[PDB]
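J.: Protein chains in written order, with the authors' numbering: chain J, 1 to 124; chain B, 3 to 223, 239 to 322; chain A, 11 to 434; chain H, 6 to 338; chain G, 6 to 338.
Pasting a structure here, questions to come.
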Amino acid sequence: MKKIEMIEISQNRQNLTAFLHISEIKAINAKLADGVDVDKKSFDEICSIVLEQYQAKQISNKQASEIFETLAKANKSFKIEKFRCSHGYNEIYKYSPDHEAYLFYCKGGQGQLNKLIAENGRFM
Amino acid sequence: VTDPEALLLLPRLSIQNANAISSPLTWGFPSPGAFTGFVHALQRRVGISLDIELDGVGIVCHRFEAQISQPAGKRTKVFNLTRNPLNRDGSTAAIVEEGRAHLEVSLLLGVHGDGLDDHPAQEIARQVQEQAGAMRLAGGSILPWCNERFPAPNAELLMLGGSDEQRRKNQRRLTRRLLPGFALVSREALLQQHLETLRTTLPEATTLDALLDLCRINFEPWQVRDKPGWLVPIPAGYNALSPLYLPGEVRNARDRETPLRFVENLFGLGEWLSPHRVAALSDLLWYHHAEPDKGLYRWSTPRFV
Amino acid sequence: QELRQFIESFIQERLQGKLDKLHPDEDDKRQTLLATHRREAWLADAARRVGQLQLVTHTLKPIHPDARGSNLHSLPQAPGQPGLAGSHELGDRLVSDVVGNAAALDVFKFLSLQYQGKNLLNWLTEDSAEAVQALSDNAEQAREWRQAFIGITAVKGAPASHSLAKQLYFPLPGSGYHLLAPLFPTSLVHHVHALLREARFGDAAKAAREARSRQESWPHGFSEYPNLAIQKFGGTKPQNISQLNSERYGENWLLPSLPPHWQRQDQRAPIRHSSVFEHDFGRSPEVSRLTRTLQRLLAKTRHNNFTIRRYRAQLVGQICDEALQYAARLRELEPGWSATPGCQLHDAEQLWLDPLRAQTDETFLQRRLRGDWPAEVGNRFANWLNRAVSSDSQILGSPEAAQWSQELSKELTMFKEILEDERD
Amino acid sequence: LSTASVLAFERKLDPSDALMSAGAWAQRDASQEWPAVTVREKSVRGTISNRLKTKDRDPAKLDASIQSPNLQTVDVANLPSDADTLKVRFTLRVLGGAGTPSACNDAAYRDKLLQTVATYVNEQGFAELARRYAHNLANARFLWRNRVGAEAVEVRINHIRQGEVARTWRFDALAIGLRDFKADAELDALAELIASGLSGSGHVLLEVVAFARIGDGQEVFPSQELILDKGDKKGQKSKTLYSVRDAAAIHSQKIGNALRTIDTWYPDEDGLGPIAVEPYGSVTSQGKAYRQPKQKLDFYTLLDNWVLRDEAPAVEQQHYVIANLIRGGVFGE
Amino acid sequence: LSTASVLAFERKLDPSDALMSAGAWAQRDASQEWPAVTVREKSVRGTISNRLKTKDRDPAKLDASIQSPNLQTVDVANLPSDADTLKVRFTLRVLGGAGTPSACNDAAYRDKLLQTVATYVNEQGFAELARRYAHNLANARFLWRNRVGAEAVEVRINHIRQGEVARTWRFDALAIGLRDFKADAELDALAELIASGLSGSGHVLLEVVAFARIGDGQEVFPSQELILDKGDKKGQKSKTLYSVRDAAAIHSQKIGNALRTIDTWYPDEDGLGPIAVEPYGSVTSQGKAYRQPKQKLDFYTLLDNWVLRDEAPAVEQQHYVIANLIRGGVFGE
DNA sequence: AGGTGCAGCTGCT
DNA sequence: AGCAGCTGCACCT
């Protein structure tokens, strides 16, 4: 387990409170530091604390991998992305919340997708 | 630039994939310089051997469609392109844009030569129409005859021979088979007097073509200003911006036996008229004149109204 | 000596702006080299790159991007003939494009800041009193900088053309020919584009539209340009072509020069009781503007009555020709004409604006409409025209309704002679 | 001497846009009033089926991404539900004088090219090239995907001198394959007519009609257009198919590409069969380019060695240079 | 070795749009001049019935929202009141040559891909896939919601060679289920014909008619269209139905989806019904993906191990890859 | 679905 | 024993 997957798994999910059973709360408390504590917390502060501890040369990679594995099992809601690229057929679709589907937007590949993501923002 | 001795019809020329852009400022019908260059090429390839002169052209547009598209309900239009072959390395090439159109027109020509006296008229009309169906007019090829219909064979009207009542009835006869579309004429004097009317603010002439090709509404202190017809901005010749060079001076020239000059477009005004509302049919004809001492190379239609 | 902080601030902004690409493993000499080269010798680097660019108002690249030839900077002399619009009309309003390789274009920014803030835009090369206390250099460096920044306006090329350029032929009066090589009017296009985008959207053009929506419109102007077309130059990278091209975002707009009818729609003159007998008038969708002008055109006073009367006569004369072309292309275009719905009543329009004989041509079919008197159609058309031009005691009691009837009479008097030369 | 700095040739053998109509077999000889096929619209909805990224697969994310489908609106053209065949009609004219350029700078290069083409035509006619050009009219390669899966394709070709038919030809396009070039007793008359029109006298007009028995209510494949899309909330594309006057059609350059499929002399193999005659001969449906300039088998170096240095190539590779002189193009130094 | 960057296939089963008409049972042998089913519109007035977020679920807000009704206009298609059966008719053609791609960059990849498909067809024919394809024409699965609650469904299948009938089949679509694949004596002749078409040794064109007895004046279900503008309260059109020239119809891709409901080999279950063949075989009604890429059973893993590394993925899962190649698409990079 | 300029390399000389 | 070519990389709005 690397880090790029850590910031990916931190940003693509929603922010949820009380998303953990108490067994997983003590399981996570057994795998974190002594001083800091998480209780009645949301997702993003937990990701910020474990990212700050992994930026420090104090928490190991298997331990942060167990933390991010537990956060991967726990969170079940994802953010809907604004743009989606169909890759072999060279098409870019845009999400429309009124149809609950992706409608056709333009022709292009990965460079055009990165361009409209940088112009409009990645998530809804 | 004399009154022509005869008129020559070319009845229904269907052209496929002509050039639509025609100017750095307009995009509609092709420029009339294409039509005058076409009749000069036709003169060079026929009339030297048939002992005649062709100088005039009358553009009657029967119909017109363009390869355009309308994006997203926007108030603009784009051009449908073509797919070019691949590159030498084999990836793709950069795209240059050009517009294509399908038009159907008719062309009446003026003959001044002495070949009319010694040969039958229908032979000259048939040979000109047969030679004209093998070259192109605006960058697009001239389509030939289709089955299951009767084709139109062109005739040679004589203008300088006959009585005046027979003249007027022949000119009313030839206007029967050219009424579906309209004719295109030039309006330099109307643009000049409209510049001189509103000259109390800014005397730039380019702000006059951009004051007749719009919908201006100055409402009450809901009314639309009375358009006197169909005014269109057209290209009206060329204007030099470089001295005349020698036949060997400029490299990559098209021909090394003709002097060369750099050049800008000139923009004028034109109008689309019904063919009934003209006095005679020789008022329509387009001519071109050059002043090589200046840089003025201009085509227009003289002797109209 | 107060012009020494502007160029230093521009160099410092360029040096601090080269930090968005941060690499801590491939910057052993990249960061230090970018900081050291962009400190003092950046003026020499701009002077080395200034030779590629050229100040040009007529570019050759728009025609083709592969073509390499000769671009010209000139303002042509005014023509003698009246009624011609061109790039000669531009006076003080002219702007200059810059042509060359794209990597030199940022150096033009250092040549383009002299017209902003200070007044030494013509003081970079000559008049070095502002080029010494703000240059802060020696004499040889000042001479080299004056030679480098003066080369923007030079000729810079031998007179050449290309095989992908145009080079058309034009005929002389009774002689040979001339070769004409047209170029692209960059500056005229930029001026027309600046005049067009402000009319499309801006301060006063949108405020007058807000006054239009608030239904309280004062005397002011706003324009409307219908069915323009878009032409694109370059592609995804439009800075290769010209500096001016990038400003328009590698684009330019074209005005409609189209013929009177470019969108033909089939004409419904079939056997219909409401589309045959009631179709003796010809209510087309292109007569709404003429009808609206004829409706609100019959109220003017005698203080300006001449132009209004001439406009009404011109509108009627145009409205006759539209009906003539619609009769010539609508029934004459479709190769079929069956029996009308209610042939005892739908036969006037089916006889006048009807085709020739067909497969159902009976004995009294080709000997009825061509042998009878084709002169009732003029009075029938006048009866339709009488509804459009409103008459009452307000006009009939005055002396203007008599001329308004005489104009329609003089127009419909040719309706039997020009509309009666086919059969008879 | 050297190559002219401005060199250009004009397109001979130009077709028109072909038009598509529909009807029934065994009435195809009275197919002048057959109604045209029209372009309609329908809506499609699909799911994720593309090869997704090598580390963003994520078996809980793919389930969340499957619940939002794609949604489009496309143009489509079908045969009617009572019509059996498809008729495709176009016209072709052969223009003649296939050696003279449209633009040339020098006067010595022009006459050297003139005598080179003169020795070619004097040594052998246009008979091989016309025999290869008439194959793509005898079979029906110009209907590209409308030929796959048909059970009967026939082609009627008629020659037009005055406003009447001078001679007629009827072929069976499925017997004549798409791989070899063989000479029949009826294909030689058409080859001689094309070779006589291609030698300079005027122009020769032919009209080509193809009938394909495709099914009953099945879909047909006209050309589709290349546009730069809309970019707003609305429906951006219609996958736009090409039309002339409310009738589905094929472009002129696509039929011109189908007639040009000639050269089997390219040094890769004759396993792909013939390709189209291009300088640095490249295929758009293959992604790459044969006849590279690292070898000496492209158009430019062969013409440079044949005109300037006067070393004639093999008689097979002499046909390729004349082929893309008949094709046309713009070449400059 | 790696996969080519351009690799495309075309579909081998071509159906058309299935149009519908209506009539009476025990006259279905004279059902050639039955009148079509037309689309009408009507007005609906609904109420609120969705979940509330309990932030603005006040006791007065609900009663305020009840007084402002939502008024809409919908499209609807019913049977006539003197008719009780629906008739659905289309045609189908089977092309064959299902291993050769349409476009390919690499020539070293396509030769060994054709080698792999050739050893599959030589090892076992197209008999299993054609059996499962003929089952989905026997039980009338292409009537999606027009099949639930029906009293009796009957299917006629013809074989067309020229404008004649070569063979005829009649089936009871309700006796043959939607769960099992059991071989009859009359279904195996149709399976042999479809395999003969898919192999390449013959031209196969079928026409399929299905009769469904429902009731007098009951509602039928054609294909539904996309409405670009957002649904707008108070009189806006809300749904539209597909049509051809004043007759209701079903899209060709929807009756094509009901033919490739084949695979029971997905690792979740096999007794929960066959689903449609797809990469990462997914049902959008269920919102989940069987054949996840986390296992080794999607199309792009099995294809890239069968060709690049020569690892056969078991006979049961080898029909999945060939069915995906019969389906079509753009694979590769 | 960028054009232009330069550093580097080759290679038989 | 260098000329000519050629490829590939970077810059830029």
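Ideal Cβ placement from N, Cα and C applies to all residues, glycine included.
Roughly how far, in whole angstroms, is the beta-carbon of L334 of chain A from the beta-carbon of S291 of chain B, given that I think they are within contact range, below 8 Å?
T.: Position 324 of the third sequence holds residue 334 of chain A. Position 274 of the second sequence holds residue 291 of chain B. Between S291 of chain B and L334 of chain A the Cβ distance is about 7 Å, and since that is below 8 Å, they are a contact.
J.: Given 8 Å as the limit, is there contact between the region 256-267 of chain H and the region 112-125 of chain H, that is, 3 or more CB pairs closer than that?
T.: The region 256-267 of chain H is not in contact with the region 112-125 of chain H.
J.: Quick test of your reading: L231 of chain H and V44 of chain H, contact by CB under 8 Å. State the CB separation rounded to the nearest angstrom.
T.: Looking up residue 231 of chain H in the fourth sequence gives position 226. Looking up residue 44 of chain H in the fourth sequence gives position 39. At roughly 16 Å, the Cβ-Cβ gap does not stay under 8 Å, so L231 of chain H and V44 of chain H are not in contact.
J.: Between which two residues does the alpha helix (DSSP H) harbouring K259 of chain H extend?
T.: Within the fourth sequence, residue 259 of chain H is the residue found at index 254, counting from 1. Taken as a continuous stretch (DSSP letters only), the alpha helix (DSSP H) holding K259 of chain H covers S257 to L264.
J.: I126 of chain B: buried (16+ other C-beta within 10 angstroms of its C-beta) or exposed?
T.: The residue given as residue 126 of chain B occupies position 124 in the second sequence. It counts as buried.
J.: Give me, in chain order, the residues of the same chain whose beta-carbon lies closer than 7 Å to that of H201 of chain A; leave out the 5 immediate sequence neighbours on both sides.
T.: As a working note, residue 201 of chain A is residue 191 in the third sequence. Same-chain partners within the cutoff: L100 and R103.
J.: Can you confirm whether the region 82-96 of chain J touches the region 114-124 of chain J when touching is taken to mean that 3 or more C-beta pairs between the two stretches lie within less than 8 Å?
T.: Contact holds: three or more Cβ-Cβ distances are below 8 Å.
J.: Determine which residues share a DSSP beta bridge with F14 of chain H and list them.
T.: Here residue 14 of chain H is taken as the residue at index 9 of the fourth sequence, counted from 1. Bridge partners of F14 of chain H: H:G334.
J.: Using beta carbons (cut-off 8 Å, strictly below), is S23 of chain J in contact with chain H?
T.: Locating residue 23 of chain J in the first sequence gives position 23, counting from the first residue. With 8 Å as the cut-off, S23 of chain J does not count as an interface residue toward chain H.
J.: Using a Cβ cut-off of 8 Å (strictly closer), state whether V286 of chain A contacts chain B.
T.: Taking the third sequence and counting its residues from 1, one reaches residue 286 of chain A at position 276. Cβ-Cβ to chain B under 8 Å: no for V286 of chain A.
J.: DSSP beta-bridge partners for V93 of chain H?
T.: If you number the fourth sequence from 1, residue 93 of chain H lands on position 88. Looking at the DSSP assignment, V93 of chain H forms a beta bridge with H:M25 and H:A215.
J.: Would you kindly check if the distance between the Cβ of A13 of chain G and the Cβ of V312 of chain G is under 8 Å?
T.: Along the fifth sequence, one-based indexing puts residue 312 of chain G at 307. Along the fifth sequence, one-based indexing puts residue 13 of chain G at 8. No, the pair does not count as a contact, with Cβ atoms beyond the cut-off.
J.: Is the CB-CB distance between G285 of chain B and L198 of chain A below 8 Å?
T.: Translated into the one-based positions of the second sequence, residue 285 of chain B becomes position 268. Translated into the one-based positions of the third sequence, residue 198 of chain A becomes position 188. Result no, Cβ atoms of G285 of chain B and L198 of chain A do not sit closer than 8 Å.
J.: List, from N- to C-terminal side, the alpha helix (DSSP H) runs of 4 residues or more that fit wholly inside the region 131-203 of chain B.
T.: 166-176 and 190-199, all fully within the region 131-203 of chain B.
J.: Contact between the region 48-65 of chain B and the region 112-127 of chain B: three or more CB pairs below 8 Å?
T.: Cβ pair count under 8 Å is three or more, so yes.
J.: In this structure, how does DSSP classify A72 of chain J when only helix, strand and coil are distinguished?
T.: On the first sequence, residue 72 of chain J is found 72 positions in, with the first residue counted as 1. If DSSP states are grouped into helix, strand and coil, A72 of chain J belongs with the helices.
J.: Could you pull the DSSP bridge partners for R45 of chain G from this structure?
T.: For the purposes of this step, residue 45 of chain G is identified with residue 40 of the fifth sequence, where counting begins at 1. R45 of chain G is bridged to G:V81.
J.: Does the separation of the CB atoms of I181 of chain G and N144 of chain G fall below 8 Å?
T.: Numbered from 1 along the fifth sequence, position 176 holds the residue referred to as residue 181 of chain G. Numbered from 1 along the fifth sequence, position 139 holds the residue referred to as residue 144 of chain G. A contact, by the Cβ cut-off of 8 Å.
J.: Using the beta-carbon count (16 or more within 10 Å), is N148 of chain A buried or exposed?
T.: Translated into positions along the third sequence, residue 148 of chain A becomes position 138. Looking at its Cβ environment, which holds fewer than 16 other Cβ atoms inside 10 Å, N148 of chain A is exposed.
J.: Can you round the beta-carbon distance between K79 of chain J and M6 of chain J to whole angstroms, since I take them to be within the 8 Å contact cut?
T.: The residue labelled residue 79 of chain J in the question sits at position 79 within the first sequence. The residue labelled residue 6 of chain J in the question sits at position 6 within the first sequence. In fact, because the Cβ distance is near 17 Å, the residues do not count as touching under 8 Å.
J.: Only counting the same chain, and skipping five residues up and downstream in sequence, which positions put a Cβ closer than 6 Å to that of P229 of chain A?
T.: To locate residue 229 of chain A, count along the third sequence from 1; it is residue 219. So the list is empty, once near-sequence residues are dropped.
J.: Would you say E283 of chain G lies against chain H (beta-carbon separation less than 8 Å)?
T.: Numbered from its first residue, the fifth sequence carries residue 283 of chain G at position 278. Yes, its Cβ sits closer than 8 Å to a Cβ of chain H.
J.: Given a limit of 8 Å on CB to CB distance, which residues of the region 216-242 of chain H reach chain G?
T.: Hits within the stretch, in order: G220, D221, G222, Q223, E224, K239 and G240.
J.: Can you say whether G286 of chain G is buried or exposed, counting buried as having 16 or more other CB atoms within 10 angstroms of its CB?
T.: Taking the fifth sequence and counting its residues from 1, one reaches residue 286 of chain G at position 281. Buried.
J.: Would you mind stating whether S25 of chain B and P252 of chain B have Cβ atoms separated by less than 8 Å?
T.: For the purposes of this step, residue 25 of chain B is taken as residue 23 along the second sequence, with counting starting at 1. For the purposes of this step, residue 252 of chain B is taken as residue 235 along the second sequence, with counting starting at 1. Their beta carbons are under 8 Å apart, which means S25 of chain B touches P252 of chain B by this criterion.
J.: Please list the partners that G292 of chain G has in chain J, where partner means a Cβ-to-Cβ separation under 8 Å.
T.: Sequence index remark: in the fifth sequence, residue 292 of chain G carries index 287 (1-based). Correct list: empty, because the minimum Cβ distance to chain J is about 12 Å.
J.: Please classify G110 of chain A: is it buried, with 16 or more other beta-carbons within 10 angstroms of its beta-carbon, or exposed?
T.: Within the third sequence, the letter at position 100 stands for residue 110 of chain A. Buried: at least 16 other Cβ atoms inside 10 Å.
J.: With 16 as the cutoff for other CB atoms within 10 Å, does residue 125 of chain J come out buried or exposed?
T.: Nothing can be reported for residue 125 of chain J, as the shown portion of chain J is limited to 1 through 124.
J.: Strictly below 8 Å CB to CB, what residues from chain H border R98 of chain G?
T.: Here residue 98 of chain G is taken as the residue at index 93 of the fifth sequence, counted from 1. Ordered by position in chain H, the residues that pass the 8 Å Cβ test against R98 of chain G are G154, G220 and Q223.
J.: For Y54 of chain J, does the three-state DSSP call read helix, strand or coil?
T.: Your numbering for residue 54 of chain J matches position 54 in the first sequence. In the structure shown, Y54 of chain J sits in a helix (DSSP, three-state: H, G or I).
J.: Output, in sequence order along the chain, the residues in the region 24-43 of chain B whose CB is closer than 7 Å to any CB in chain H.
T.: So the list is empty, because no residue satisfies the distance condition.
J.: So if DSSP puts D177 of chain G in a beta bridge, which residue, or which two residues, is it bridged to?
T.: Here the question's residue 177 of chain G lines up with position 172 in the fifth sequence. The partner list for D177 of chain G (beta bridge, DSSP) reads G:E159.
J.: Within the continuous alpha helix (DSSP H) that includes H140 of chain H, where are the two ends?
T.: Residue numbering aside, residue 140 of chain H sits at position 135 when the fourth sequence is read from its first letter. Segment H140 to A143, the alpha helix (DSSP H) holding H140 of chain H.
J.: In the DSSP assignment, find the unbroken alpha helix (DSSP H) run with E421 of chain A in it and report its ends.
T.: Reading the third sequence from its first residue, position 411 is the one you call residue 421 of chain A. It spans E410 to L422 - the alpha helix (DSSP H) in which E421 of chain A sits, taken as one unbroken run.
J.: Using a Cβ cut-off of 8 Å (strictly closer), state whether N55 of chain H contacts chain J.
T.: On the fourth sequence, residue 55 of chain H is found 50 positions in, with the first residue counted as 1. For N55 of chain H, the answer is yes, since a Cβ of chain J falls inside 8 Å of its Cβ.
J.: Which residues in chain G have a C-beta closer than 8 Å to the C-beta of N83 of chain H? List them in chain order.
T.: What you label residue 83 of chain H is simply residue 78 of the fourth sequence in a count that begins at 1. Correct list: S21 and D22.
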